[PDB]
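Two versions of one and the same chain are coming, encoded as structure tokens; call them structure 1 and structure 2.
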Structure 1
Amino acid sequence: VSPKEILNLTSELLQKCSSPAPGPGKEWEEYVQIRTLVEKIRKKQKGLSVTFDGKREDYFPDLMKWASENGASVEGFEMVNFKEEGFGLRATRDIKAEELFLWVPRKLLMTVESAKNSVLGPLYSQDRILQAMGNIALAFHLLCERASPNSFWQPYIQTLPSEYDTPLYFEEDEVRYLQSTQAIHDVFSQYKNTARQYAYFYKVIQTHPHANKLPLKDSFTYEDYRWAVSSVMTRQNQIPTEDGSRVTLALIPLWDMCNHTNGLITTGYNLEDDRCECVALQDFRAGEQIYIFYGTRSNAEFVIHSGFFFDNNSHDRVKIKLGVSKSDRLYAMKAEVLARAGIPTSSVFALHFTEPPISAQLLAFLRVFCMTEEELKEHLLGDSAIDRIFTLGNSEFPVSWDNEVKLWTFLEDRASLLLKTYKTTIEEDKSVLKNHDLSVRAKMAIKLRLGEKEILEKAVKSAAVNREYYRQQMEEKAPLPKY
């Protein structure tokens, strides 16, 4: 055990994680190589630098007292360790839908601004990564205050979780389930980014005089950094600055204990009283868990950045990359039509599970992608060209029956091809889930890969139905809708 050996290992980790991508065909090998080095460092370290003697629930009364003294709502709910979601809020009285039941004044928040005014200030003013990335700044703000026994935010920090279910905590064999999916590339990136950032800041803290007064100067472990970035990614929020002219990132105590259910966003910032405010998403009877709607994120985003998979996520989606090929004889015209419509020539679009499967922007792209030369000219020239562009994203106004048949044929074939790039089938995934006993983290990975394929399969079916509908219109010579 010596600081010189850790210094050698973090320098090696920094060089490893600063190399360019080796190509997608070797990203798994790179991932396992980085994991091996991270685990060697982690085994030579002492876990979290600061731990607390009490149990998590021992500190919730201090959280309530502290939040109360600073103007937050503390009546009408209690914290309960639920099996499905972990700790959350439970109503102790009936709460009506749309009732303002939770509010948190700005003084309680941890923000990039409070990070700047903290012991981290001097190093923040020097390091270009901290100034550019408020989320990393929040993460170091958390660590510095965690290790400061007299911190104003100790009541909040002592009630935070000590572990998360972000992919940073997954075993190698749990991530292995995601081989061949879209999501695993984001898992790879998160792991490499996090390891690179840990090694970079480890060296920066050692060399920068502005870091001399930080507790991190005496102890800063990989576990510290993984915990801090996972705390921030699973709980951070965008709020306006005090003057309302800019946005900043913040952790919001007490309210961020609410778990997620489907619905609408009911939390907003009140500038006049300078506090976060939450109205009830639905009626909550006494004894019922209080939920909020986190946002319209996909299950890939919930797994990677929030650490959970949400069954019956009505906003689930997968990505699909499309572009006009520069070998297309009509490339120049198609690119100009797309540019006039505000759509890039190449982009990553979404396929949605809830109807409709494609957005107005993807419909517009696909229509132009399949246009004939005569149709392109009608979107480029003359007194109706602008009108024709205006309707490109509108399912009710096709370019022509032929254009629709072609684009839905294309999407059906592409979604089918994408399904064929996965290592397992939908039926195999359901069999794994039914016949094996798995961890929470393993189930998150398998449900994620199942969900990608189920969205693609629904897209194939919806494109096939649409192809048949427009082929009927074409064969019946139906008059084209005119806007």
Structure 2
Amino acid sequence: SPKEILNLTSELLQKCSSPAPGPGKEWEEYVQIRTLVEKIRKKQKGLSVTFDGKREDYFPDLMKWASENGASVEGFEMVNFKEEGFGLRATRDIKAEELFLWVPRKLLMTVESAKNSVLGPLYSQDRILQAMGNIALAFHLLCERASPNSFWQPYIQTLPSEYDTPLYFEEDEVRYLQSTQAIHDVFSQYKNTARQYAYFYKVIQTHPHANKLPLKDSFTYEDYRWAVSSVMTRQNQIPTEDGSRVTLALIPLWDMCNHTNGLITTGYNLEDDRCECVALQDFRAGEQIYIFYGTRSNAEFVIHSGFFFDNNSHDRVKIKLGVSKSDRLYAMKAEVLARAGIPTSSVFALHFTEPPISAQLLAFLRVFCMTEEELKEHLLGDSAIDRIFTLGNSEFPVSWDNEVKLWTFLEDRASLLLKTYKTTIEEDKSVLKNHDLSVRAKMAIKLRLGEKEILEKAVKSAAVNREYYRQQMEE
């Protein structure tokens, strides 16, 4: 009964509205929330709207629908690949930099198109929809999915039925990620989504401006989990009709491309009011067409795109660093860092492809390890300005001594972080070799393996720099 569901959702909104659980209680907060959510989901009837046909049965409808509104529909076909899922395959040879794909705005689903929808009145009367475009986009999806004569029906009928975002993982699958950096953003994702479902279920059932929405008596946890994972795995940012501010939008036909390594080749053209994509490389006929999604970490690919990309040259882990206010040299270091446009304490990144540290982190480590004399040579004199300009440059060291002390610092810091994981690198390679795992399980384990392999790379890199610059002191 919907009276039992309204009781259960109030009980869920409460559990998700408390503060952070604490230090070593975040795994059990997530299991408690999981228990309540799974109870609700198993009393509901999955997706509220399902389609008679199979997914590929609606792609001609999508092509026909995109052709009539000006999109490119020639040169490619839809193929269900095992590895990436559905995607685009070239039916002809396509050269690098050729403009093969274009989608006018009239087809997109935007935040503003959600404001002009049957969702409109509720949107204008709800703080959270007004503040969160991605949620507003998500409810746009559900309201058009529930609309039998919707203009976007060819798009919605070709969207997946489920995803590999963590919102779909099992307990044992998320459990592999314990002690990682990644799992804290998986906890946030589950808590946030669960809170938003419990809040909006009450709104849809009782708000006077949601009364004649089609979602009224058909809004399951599954419905919302699918909507946000749809938005999360393929939403974009485009300019407005005029070009002043940016907005969030879903791009039909083009969002069907799968990711590979490379550069971004999809831009918006304000003049002709359309999204444009040039071929990132040469695609022979019969080869899959990929695009570069963006510079994103494996943590972000798994959590928000629902997959793990193996060849990811933009992989990174986070690292907290700052000058301790108990340093005798806090004031000078804080002024040098300020003059370099660098915060006193910040969250930096260790990287997978050399060099492990950006120009900003190297400049910080250099100031962090400077002596009083060196600090003065960057604060006073005619060369002080020119000396700060080169802090982030590997070819202009402050001293051999400074470099040795900062690579010694980095080597110890990554070594320390490595030990805070519950499994080792060798243990992870063993689990991948000797076990047989689901796709979602492989994601979790490859993710925690990746975090550690970056730390280990940083250790070795910092050690060889340490030894190179220590040989320079001896001469």
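For clarity, a rigid core is taken as the largest C-alpha set superposing within 1.5 Å between two forms. The first residue in the sequence of structure 1 is number 1, and each one after it adds one.
Just one residue from the list 116, 305, 377, 319 crosses the 2 Å line for C-alpha shift between the two structures on a rigid core fit, and it is 377.
The Cα position of residue 388 differs by 2 Å or more between the two structures after fitting on the rigid core. Shown is the Cα shift of residue 202 between the two structures after rigid core superposition, which amounts to 0.8 Å. Look at residue 339: with the core superposed, its C-alpha moves 2.2 Å between the two structures. Per-residue C-alpha deviation between the two structures, core superposed: residue 468, 1.2 Å.
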